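Nothing in this text is a laboratory measurement; each read-out follows from the coordinates by a stated rule. Cβ: placed from backbone, ideal geometry, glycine included. Neighbour counts: every protein chain shown.
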Amino acid sequence: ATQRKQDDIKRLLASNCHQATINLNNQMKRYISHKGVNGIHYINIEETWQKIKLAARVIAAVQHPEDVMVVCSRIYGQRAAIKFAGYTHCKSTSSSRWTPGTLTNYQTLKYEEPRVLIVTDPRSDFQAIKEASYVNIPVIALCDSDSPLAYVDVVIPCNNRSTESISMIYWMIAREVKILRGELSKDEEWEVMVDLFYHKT
Amino acid sequence: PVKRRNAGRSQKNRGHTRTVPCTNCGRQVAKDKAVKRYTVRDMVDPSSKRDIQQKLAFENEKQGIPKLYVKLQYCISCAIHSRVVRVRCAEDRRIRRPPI
Amino acid sequence: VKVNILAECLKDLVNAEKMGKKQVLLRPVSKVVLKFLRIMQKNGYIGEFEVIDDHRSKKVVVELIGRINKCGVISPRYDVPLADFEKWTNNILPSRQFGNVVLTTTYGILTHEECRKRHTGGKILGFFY
Amino acid sequence: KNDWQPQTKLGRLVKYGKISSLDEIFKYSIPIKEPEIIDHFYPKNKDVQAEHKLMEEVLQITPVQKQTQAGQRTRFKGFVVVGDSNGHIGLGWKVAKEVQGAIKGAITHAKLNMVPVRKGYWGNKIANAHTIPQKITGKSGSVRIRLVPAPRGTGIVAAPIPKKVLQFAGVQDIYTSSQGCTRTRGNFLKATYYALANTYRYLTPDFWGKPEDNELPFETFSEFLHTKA
Amino acid sequence: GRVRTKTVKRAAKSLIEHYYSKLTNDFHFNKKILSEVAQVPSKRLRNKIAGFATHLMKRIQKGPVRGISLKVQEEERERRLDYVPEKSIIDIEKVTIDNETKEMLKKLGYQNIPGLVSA
Amino acid sequence: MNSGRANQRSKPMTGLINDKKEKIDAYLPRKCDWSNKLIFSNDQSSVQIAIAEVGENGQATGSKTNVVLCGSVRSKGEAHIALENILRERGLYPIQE
RNA sequence: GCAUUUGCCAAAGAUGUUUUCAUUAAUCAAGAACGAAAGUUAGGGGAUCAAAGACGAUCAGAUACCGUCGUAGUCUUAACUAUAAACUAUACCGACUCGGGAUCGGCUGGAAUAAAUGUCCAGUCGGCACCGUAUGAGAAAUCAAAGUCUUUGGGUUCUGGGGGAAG
RNA sequence: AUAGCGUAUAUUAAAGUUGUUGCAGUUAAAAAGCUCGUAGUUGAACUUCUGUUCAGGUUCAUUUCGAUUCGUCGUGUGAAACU
Ligand SMILES: [Mg+2]
Ligand SMILES: [Mg+2]
Ligand SMILES: [Mg+2]
Ligand SMILES: [Mg+2]
Ligand SMILES: [Mg+2]
Ligand SMILES: [Mg+2]
Ligand SMILES: [Mg+2]
Ligand SMILES: [Mg+2]
Ligand SMILES: [Mg+2]
Ligand SMILES: [Mg+2]
Ligand SMILES: [Mg+2]
Ligand SMILES: [Mg+2]
Ligand SMILES: [Zn+2]
């Protein structure tokens, strides 16, 4: 608990990143702290923080950022993740329609060959993960309690339901990646509001 | 080629289940196997309803005409022929709570 | 009805190696099971293991890495004269180049190799590779 | 258009003479979809004495039937084996309405299917690994094949078909055992192939230690790939 | 029977794709534009293409359209969508915690971090 | 009870070695860092994750840990676990603050 | 195979046990207890249906499907008989390998109320199942066993070896 | 094929189509309608574990060395399973 870390957990809490649906894929058993009277499943936030940083370290690892690929289906993380790809200089799946064959078919128009893949809802974005499975491509996923971890290498426990949550997760990851890349000081605050990544109605 | 896993009858954990005569034909059929639909209909065509509800002597009736209750039990040949149940594709074949 | 505790423990073991599991709880256990494990460990396959004393039979946790391709029991425990060794090493083992057939002898429980070096034989227990 | 323009990252890495050897591709388990990458490592300059000469063989050609809108529509299937007698083998098959077509497509397939057989020692280890490290098993459809290592100069003891496969793999000495309906040639071939492939799947005792940790070719060569050609 | 075909819709997509800055709500303009821009073997064809492309200009004026990706106009539209107040929603120095959230924080020991208001 | 796992990595891996002490083995496969299985030529789903090294200034060092995982492990959804623990034993996780 | 009320008679599982015995167990040629329906023997009974049969109709022909009748049977005492697609067409005892809700019977805590042989929640033991899923199996259909099988051995009975002839 | 070579019949491999090794039995032939049970076959765990010292070989390794030679010998030193 530095001031930095306290700011991190405060941000995470405020964005309500720790609220989950009621189903537990048992694969998630380890990431979930509390099970409430109202059935709400509560995530340990420390695990979230840790995983965010881990992820950032995987992304810093790929030499050339365009070999990292963010994939999102839902409407919330469209905005957030396109901004993410914006600051992170990587590739975005914009069209919510992921084309079967995108990773597998060298003949497709959307054809990509990332070194690392990042998905917003393993459950929604599943076809992407399945394709990654055919190519030897590792995956960082944003993961709710209901989400299958099959073929998922880094789990960041989240609430991938809300804009607030998803957006501030992609945000924090982006900021940490910036830091690791020396595009940003470790001590310095980032002038980009989280509010950008929110989905406007 | 086992067609159904159910084998058509809902019966497990017993050797024997009571046999029921089919409404339509009267053929004996297994109570598990039987296509059974409970019917609450009205005795009368809606037009006919208007006509009668005019003439009802006791004005203290609010929906004061009885419904007709039927527990209808069909042998398979009958419930197929009679379209109560009809042929579906392999995947749909296992669908359990379908109507509207 | 439990017959052959070595068989229980061995199969449960192989199963967990096969499922990529990191360790096995093993119950119940015998001398023979522990000497068999002491053998596989000495020979490089399993890792460290711990014995748990419940007042009755016992339990045994086994750290595995993964090495064991298979480890079986032969039942019945046949009679294996020195003459028959060839048979059993050709029939049971993956290749000449490795893997062991463990036996009880009046000189104790041995890698079939330890048996050629001790010049004895006769009761087959199991194998691992 | 006799010049190859790579559609794969790996394709680029190969054509431009960057990834060293074929086995290296096999090592980093980089998927080969491009049937060029393979002809690369096997040069067509034609020096008659190399055992690295890449060989193609048609094995099967089948008149397959379909009943379609009152017509009976025939195509051809074919099976093809590709191998250098030194360590490397692939098997492929293709359906097409013209024979030489089925053949070409099957050659291409077989190349995409290249696999690293492992060669072991029977008895005392002296010179040329003449056989397999262990006994292993191919499984395709009903069929099973078991490959058991044989002593020096035993030669290949095996049916005409798996024999042909094995010779392409460069296993000199072997014992065979087969279960199932073996006359189904595609399943027999397949089985033998998968079997041969499982050689490297088996964790033998000599594989026990810590492996080398290397960076993938793509991470090393990242600079190259992101130049625009 | 006025359903329009493959050739025509591919065409219209392309014509907008490259030319959107040149294009008008007027058919008669867009048909001449097309004529200059392209090889179209038929009068009839060109006119069908121009009409559909016009139709799609009108559909674009209203909002997003499937099948056509105009990256310039989409990035302009993206900058359009950003608006940020100075306060955000996100106040680090004041944050509100449920009862259950509090229980999990007790578990991690973070229950007391500065600026946390329980509800 | 870690001992066997450590001793396992203690010495280097070797392909087939004849009595003349040559290396005969065409290539030395990578083995998975969790299950310790062999990484196929043909493995569609086997994966090598590189993770960056971090100086106290947040700086990447350009230094990388590579964690190899094998098809069966990712596929069973053990990956998200395996990795974390592999990073423990290498001393890189959890992340300090 | 078993479905109305109540009373009686003996029996049973699961659960609960910091109760007792202490290997007393598993499977099983011999040898035995059961064993739908139909059928048989000797009495009863006989309402419904209803083989045989008598008739109507239908039909080229109907000794059939349909209709009106109707005997044995159907029910019951004592007895025989031993057979079914007697079907999960899936032997029994024992391990071990995925996930998820629900269900029937015990128990253990907890919560609400109108304070109980009732609710809800969380455990768990045993049942009948189901839904996902297998980098497990299979010729497949499919199978959480039909998995832990050429990487072939936990214990034990039974059965098969091209088709007919022929039970 | 060859001074031999056809054919018929029994038998051997082919046959994991008799199966101990080694087969099948939901639907291809195949689990007995069901229980009890004697022969038969089958049977849970525990007992001088262990440690310390000596010697003899037998193996192993080799940044110990040697001698000679087309490879054995001697020697190290430690390391083993022994006896
Ligand atoms: Mg029955
Ligand atoms: Mg055969
Ligand atoms: Mg009578
Ligand atoms: Mg007439
Ligand atoms: Mg009558
Ligand atoms: Mg209670
Ligand atoms: Mg089988
Ligand atoms: Mg399969
Ligand atoms: Mg299932
Ligand atoms: Mg067997
Ligand atoms: Mg039949
Ligand atoms: Mg005993
Ligand atoms: Zn009927």
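Being outside any loop (DSSP other than H, G, I, E, B), more than 16 Å from ligand 13 (Cβ to nearest atom) and surrounded by 11 or more Cβ atoms within 10 Å (Cβ to Cβ) is the requirement here; does B:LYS36 meet it?
Values: outside any loop (DSSP other than H, G, I, E, B): yes; more than 16 Å from ligand 13 (Cβ to nearest atom): no; surrounded by 11 or more Cβ atoms within 10 Å (Cβ to Cβ): yes.
No: the conditions fail for B:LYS36.
Let's see how each residue does on (1) surrounded by fewer than 20 Cβ atoms within 10 Å (Cβ to Cβ); (2) within 15 Å of the chain's Cα centre (by Cα); (3) in a loop (DSSP other than H, G, I, E, B); (4) more than 12 Å from RNA strand H (Cβ to nearest atom):
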{"site": "C:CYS9", "(1), (2), (3), (4)": "no, yes, no, no"}
{"site": "C:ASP12", "(1), (2), (3), (4)": "yes, yes, no, yes"}
{"site": "C:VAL33", "(1), (2), (3), (4)": "no, yes, no, no"}
{"site": "C:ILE46", "(1), (2), (3), (4)": "no, yes, yes, yes"}
{"site": "C:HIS55", "(1), (2), (3), (4)": "yes, no, yes, no"}
{"site": "C:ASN90", "(1), (2), (3), (4)": "yes, no, no, no"}
{"site": "C:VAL101", "(1), (2), (3), (4)": "no, yes, no, yes"}
{"site": "C:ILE109", "(1), (2), (3), (4)": "yes, yes, no, no"}
{"site": "C:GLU114", "(1), (2), (3), (4)": "yes, yes, no, no"}
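Being in contact (Cβ under 8 Å) with a residue 60 or more places away in the chain and more than 16 Å from ligand 2 (Cβ to nearest atom) holds for only one residue in B:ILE80, B:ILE76, and it is B:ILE76.
If I ask for residues that are more than 7 Å from RNA strand G (Cβ to nearest atom) and surrounded by 12 or more Cβ atoms within 10 Å (Cβ to Cβ), which ones from the stretch B:12-27 would you list? Reasoning before the result, please.
Of all residues in the stretch B:12-27, those more than 7 Å from RNA strand G (Cβ to nearest atom) come to B:19-27.
Within the stretch B:12-27, B:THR19, B:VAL20, B:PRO21, B:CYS22, B:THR23, B:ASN24, B:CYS25, B:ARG27 meet the criteria.
Show me the strands (runs of 3 or more DSSP E) entirely contained within the stretch D:1-113 in which 3 or more residues are surrounded by fewer than 16 Cβ atoms within 10 Å (Cβ to Cβ). Quick ask: steps written out before the conclusion?
On the way: elements: D:55-68, D:71-84, D:88-96.
Because the criterion is at least 3 residues that are surrounded by fewer than 16 Cβ atoms within 10 Å (Cβ to Cβ), the strands (runs of 3 or more DSSP E) in the stretch D:1-113 that meet it are D:55-68, D:71-84.
Restricted to the stretch D:171-189, and to residues that are touching a helix residue (DSSP H, G or I) at 6+ places or on another chain (Cβ under 7 Å) and not aliphatic (A, V, I, L, M), which residue is nearest to RNA strand G (Cβ to nearest atom)? Taking the candidates together, the pick is D:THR176.
Suppose we filter the stretch F:30-68 for residues that are assigned to a strand (DSSP E or B), within 7 Å of chain A (Cβ to nearest Cβ) and either within 24 Å of C:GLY47 (Cβ to Cβ) or within 14 Å of the chain's Cα centre (by Cα) (or both); how many remain?
Within the stretch F:30-68, the subset assigned to a strand (DSSP E or B) is F:31, F:38, F:47-54, F:60-68.
Imposing the further condition that a residue be within 7 Å of chain A (Cβ to nearest Cβ) reduces the set to F:47, F:49-52, F:54, F:60, F:64.
Filter once more, keeping what is either within 24 Å of C:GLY47 (Cβ to Cβ) or within 14 Å of the chain's Cα centre (by Cα) (or both): F:47, F:49-51, F:64.
Number satisfying all stated conditions: 5.
Residues that are of a type in the set (A, V, I, L, M, F, W, C), farther than 14 Å from D:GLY120 by Cα and within 16 Å of RNA strand H (Cβ to nearest atom) within the stretch D:133-188 comprise D:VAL143, D:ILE145, D:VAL157, D:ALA158, D:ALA159, D:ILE161, D:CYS181, D:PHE188, listed in sequence order. Across the stretch C:80-122, the qualifying residues are those that are among the charged types (D, E, K, R) and free of Cβ contacts under 8 Å to residues at least 24 places away in the same chain, and the one among them that is nearest to D:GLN134 (Cα to Cα) is C:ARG96. Among the residues of the stretch E:92-114, those that are more than 7 Å from every other protein chain (Cβ to nearest Cβ) and exposed (fewer than 15 other Cβ atoms within 10 Å of the Cβ) comprise E:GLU93, E:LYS94, E:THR96, E:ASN99, E:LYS106, E:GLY109, E:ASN112.
Candidates are the residues of the stretch F:1-24 that are more than 7 Å from every other protein chain (Cβ to nearest Cβ) and over 19 Å from the mean Cα position of the chain (by Cα); the one that is farthest from ligand 2 (Cβ to nearest atom) is F:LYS21.
Looking only at the stretch A:73-124, count every residue that is without any contact (Cβ under 8 Å) to a residue 24 or more places away in the chain, within 19 Å of D:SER222 (Cβ to Cβ) and of a type in the set (A, V, I, L, M, F, W, C) and tell me the total. The qualifying residues number 1.
Per-residue answers, yes or no, for (1) more than 16 Å from ligand 2 (Cβ to nearest atom); (2) of a type in the set (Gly, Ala, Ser); (3) surrounded by fewer than 19 Cβ atoms within 10 Å (Cβ to Cβ); (4) more than 30 Å from A:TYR111 (Cβ to Cβ):
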| site | (1), (2), (3), (4) |
| --- | --- |
| A:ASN16 | yes, no, yes, yes |
| A:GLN27 | yes, no, no, yes |
| A:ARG30 | yes, no, yes, yes |
| A:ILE40 | yes, no, yes, yes |
| A:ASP67 | yes, no, no, no |
